[PDB]
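Contents: one structure, followed by commentary.
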Amino acid sequence: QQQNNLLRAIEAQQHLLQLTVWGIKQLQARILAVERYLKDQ
Amino acid sequence: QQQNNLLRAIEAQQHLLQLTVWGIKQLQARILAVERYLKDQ
Amino acid sequence: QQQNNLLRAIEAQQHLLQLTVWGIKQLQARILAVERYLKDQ
Amino acid sequence: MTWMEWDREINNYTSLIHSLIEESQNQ
Amino acid sequence: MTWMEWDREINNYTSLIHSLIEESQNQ
Amino acid sequence: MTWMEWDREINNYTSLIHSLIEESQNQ
């Protein structure tokens with residue numbers, strides 16, 4: 001029982017990690033666009 | 001022993017994940033505010 | 001077997017978490033620099 | 001993917017993990 | 001560390017974890 | 001929550017996890 005709960009927890013945590021990676025990539029693109037905008041201005 | 005260490009590791013990792021989510025949310029709000037500022041300017 | 005796979009998964013997930021922390025720190029510094037730039041302007 | 005959906009899914013997975021970890025506290 | 005390398009390493013670790021979790025699904 | 005506290009807590013949890021994983025390497 002303890003083992004299956006741990007496996008399920010890691011599975012869900014990997015989904016969480018994947019969402020945080022998505023977020024970070026979005027933010028990186030957006031800050032880069034702002035930096036370039038200001039440079040181009 | 002191996003099992004309790006793994007459970008404790010996941011527990012701590014979930015705390016880490018929660019901190020990264022906090023950070024990403026903060027950053028998203030801040031970049032959005034900057035984007036809107038520049039648009040309003 | 002199930003146990004070693006779980007340990008290895010947590011080990012790799014900790015590496016992932018460390019990369020996301022690096023990313024968030026980079027982004028925080030960059031948005032802060034932009035905010036200050038705009039304030040100084 | 002949107003930020004509103006991002007927040008929803010984050011919350012879903014977090015609550016599931018909490019339940020799983022607790023349910024294991026009761027080894 | 002660069003963002004290109006960041007993406008590469010993220011992908012490496014993610015695929016490894018997927019393999020490990022699946023290989024355990026077969027308890 | 002502040003960024004200084006964020007960094008502190010990140011470091012705390014990371015070092016704990018390292019210790020736990022190592023202590024399990026010694027199955």
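Every chain is numbered from 1 and lettered A, B, ... according to where its sequence line falls, protein lines coming before strand lines. No hydrogens, no waters, no symmetry mates; every other heavy atom, side chains included, goes into these values.
Contacts of A:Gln26 classified as side-chain hydrogen bond (donor to acceptor under 3.5 Å, both in side chains), with partners at least two apart in sequence or in another chain: none. Among residues two or more places apart in sequence or in another chain, the side-chain hydrogen bond (donor to acceptor under 3.5 Å, both in side chains) test is passed with E:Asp7 by A:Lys25. Under the rule for a side-chain hydrogen bond (donor to acceptor under 3.5 Å, both in side chains), F:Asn11 has no partner lying at least two apart in sequence or in another chain. With sequence neighbours excluded, no residue forms a side-chain hydrogen bond (donor to acceptor under 3.5 Å, both in side chains) with B:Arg8.
Residues D:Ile21 and B:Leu7 are in side-chain contact: their nearest non-hydrogen atoms beyond the backbone lie under 4.5 Å apart. You'll find the side chain of B:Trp22 stays beyond 4.5 Å of the side chain of C:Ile24, heavy atoms only. Looking at A:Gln2 and B:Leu6, their side chains never come closer than 4.5 Å, going by heavy atoms from C-beta outward.
Atom CG of E:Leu20 and atom OH of E:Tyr13 lie 12.5 Å apart (nearest 0.5 Å). To the nearest 0.5 angstrom, D:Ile17 atom CD1 is 12.0 Å from A:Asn5 atom CG. To the nearest 0.5 angstrom, E:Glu9 atom CD is 11.5 Å from E:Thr14 atom OG1.
Residue F:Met1 qualifies as enclosed at atom CE: its count of foreign heavy atoms under 6.0 Å is above 12.
Proximity of a side-chain donor or acceptor of F:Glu23 to a complementary backbone N or O of B:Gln1 within less than 3.5 Å is not detected.
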Can I get a per-line list of side-chain donor-acceptor pairs under 3.5 Å for residues 28-37 of chain A, giving both atom names and the distance, sequence neighbours left out?
unit_1  : atom_1 : unit_2  : atom_2 : d
A:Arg30 : NE     : B:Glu35 : OE2    : 2.9
A:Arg30 : NH2    : B:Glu35 : OE1    : 2.9
A:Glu35 : OE1    : C:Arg30 : NH2    : 2.9
A:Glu35 : OE2    : C:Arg30 : NE     : 2.9
A:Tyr37 : OH     : A:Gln41 : OE1    : 3.4

Would you tabulate the side-chain donor-acceptor contacts of residues 10-19 of chain B under 3.5 Å, counting partners in other chains and residues two or more places apart, or write 'none'?
unit_1  : atom_1 : unit_2  : atom_2 : d
B:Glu11 : OE2    : D:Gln25 : NE2    : 3.4
B:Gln13 : NE2    : C:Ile10 : O      : 3.3
B:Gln13 : NE2    : C:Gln14 : OE1    : 2.9
B:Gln14 : OE1    : A:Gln13 : NE2    : 2.9
B:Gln18 : OE1    : D:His18 : NE2    : 3.2

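Residues A:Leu27 and D:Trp3 come closest through the heavy atom pair CD2-CZ2, 3.9 Å.
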